[PDB]
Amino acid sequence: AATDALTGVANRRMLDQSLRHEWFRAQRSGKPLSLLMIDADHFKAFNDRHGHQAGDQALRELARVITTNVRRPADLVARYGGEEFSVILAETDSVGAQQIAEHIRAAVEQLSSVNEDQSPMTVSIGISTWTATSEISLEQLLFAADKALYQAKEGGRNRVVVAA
């Protein structure tokens, strides 16, 4: 009821619920709250070449990479869509959120080289960040991360785009 059966991380309604509570918390603490939107690149073509089982295995590997780079108590990793992953980085500023994203992006790119069975694969990442002086809302925070994820898919996949 709270985890994704395939990947084992949180599911959508758990992400939305935890983000609402982590939102009001950051409003009081004044600590930066960052979001990551992680979509798999050329996934439809991936399932066409290697099949639906390899795509599921590629999602679990992507989930393992994110959770390997997201480890603190106030962090959450969830399956936000059939091919997306959303992570909460509470008390993390924009600079540190980018370093996490680069680690995740680089690790997914090298998953084919390190393990023979894996097929080449990349991810696109969008980042948004609330700071203590910002006036945006929670819906605007989520909007800026999906938009930056969209800008990552547009300007050529396999990259990290920070919202503005």
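Residue numbers here begin at 1 and follow the sequence given.
Stretches 29 to 37 and 48 to 56 differ in mean CA B factor, with 48 to 56 having the higher one.
Taking only CA atoms, the mean B-factor in the PDB entry is higher for 110 to 118 than for the other of 66 to 74 and 110 to 118.
When the CA B factors of the chain's modelled residues are split into thirds, the value for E102 lands in the middle one. Per the PDB record, residue ranking by Cα B-factor puts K147 in the middle third of the chain. Looking at the C-alpha B-factors along this chain, the one for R12 belongs to the highest third.
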